[PDB]
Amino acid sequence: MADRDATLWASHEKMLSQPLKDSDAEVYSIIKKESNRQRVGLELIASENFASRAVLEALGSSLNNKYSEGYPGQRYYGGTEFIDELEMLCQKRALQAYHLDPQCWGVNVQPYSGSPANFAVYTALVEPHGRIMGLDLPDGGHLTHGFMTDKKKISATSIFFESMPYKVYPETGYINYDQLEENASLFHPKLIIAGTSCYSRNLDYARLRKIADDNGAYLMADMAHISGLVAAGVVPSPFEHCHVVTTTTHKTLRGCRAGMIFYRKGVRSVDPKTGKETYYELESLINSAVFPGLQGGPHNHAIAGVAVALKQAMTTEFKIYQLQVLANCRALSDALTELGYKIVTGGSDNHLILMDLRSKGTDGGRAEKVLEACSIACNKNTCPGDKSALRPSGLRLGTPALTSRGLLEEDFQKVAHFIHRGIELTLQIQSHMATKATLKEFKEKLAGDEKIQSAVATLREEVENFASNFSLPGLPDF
């Protein structure tokens, strides 16, 4: 009677302004339990990191409500005056952050994430069944770089395109550029990918470029893992030799989840005596493949977040962070080698390293699970071999996460020891049941048991105590 459905319309009213803390206590609980986990634990996962409060604060903005399907050129909707400001600002900051002359480069900040950015480029430049060459998955390449096997096609890339990988010399762990140049002549790639998910050395963009032009193919760099190191100038930039560069904005770049596609324009090629010229049409093809080719409406709130992180990436505080990141890696790789473990290719040139546990009877699958039980998060990355995912032989460690929390060399050494203690434990428990049972049973004396869990319980504690003593970027604990 209080003007109809009075009661409910009042509720529905509050429900849309009520805080998460009240609206959904269950989801609220989980988020805090997770925030906590990240605080009292050692994140050594190469691809993870902690986003600044500034970035996150933009993710939950009103931008999440606007549809702007086109481009700052022609949109399929109205009221994009501000979204247009935002999009162009981010595009501007993107080219800046990587010291790119807007006359020769352009960007697309609409890819929902990394994988999407890549598929978008193959779609634009390779076309259905077109040939692509990438670094084999177990050799350091990425799923989206064309990943298949003798029997199954795992990646969408190898499904809609024809892929063939190149390898690393098992002997030294370095990319075998000689075999690549050889095979490229027989396969005729239409695009070659220079990017990795687990390679601790720099890429010879120079030589790759040569091979690419030799077979008249595009050279695309997927600098996802080093987007930050590159923007900071601490490592060699792929923008000197590649025609296209894709990337995620999280990881070493410390932004929110998204992807970008950098592409060359105009000044393509020059003819000697034949003095005729050729141009780049990348901008046209790529922008279209993204939309309406593959995506719907851009996620303006994510783009806002990226713009924020891009700005931060241009600071000196950033350039120094990234430097510490590299330094910390050496520290950890040295202390670890010193402790007597095998580090592929000897060491690292970037932010990650790969351990070959093989020279210890233990595999990466077991070791990974133990370290987890002790608040030490990482990857059971695949080794330069032919075994297979889910039960590898090496571990992948990264430093961006922890460096962002303060940790310096001395601390990373203490970390090294914690890890040593962990594998130490793994070897023990291995024999305390010495048989032919797989991981699924390993979860037993681990999960259940108790006497074995008294060891972990101790180490986990010393670790969590060590961890909790550092800062944790983000909101007011949430």
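Quick note: we count residues from 1 along the sequence shown, nothing fancier.
The PDB entry reports B-factors from which the mean C-alpha value can be compared for 436-444 and 51-59; the larger average falls on 436-444. Higher mean CA B-factor, judged across 376-384 and 82-90 from the recorded values: 376-384. The PDB entry assigns the greatest CA B-factor among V267, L219, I320, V109 to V267. Across the options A120, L229, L395, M133, the residue with the most elevated CA B-factor in the record is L395. When all modelled residues of the chain are sorted by CA temperature factor, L427 is found within the highest third. When all modelled residues of the chain are sorted by CA temperature factor, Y280 is found within the middle third. In the PDB entry, a CA B factor belonging to the highest third of its chain's modelled residues is recorded for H99. Sort the chain's modelled residues by C-alpha temperature factor and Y71 lands in the middle third, per the entry.
Sort the modelled residues of the chain by CA B factor and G346 lands in the highest third.
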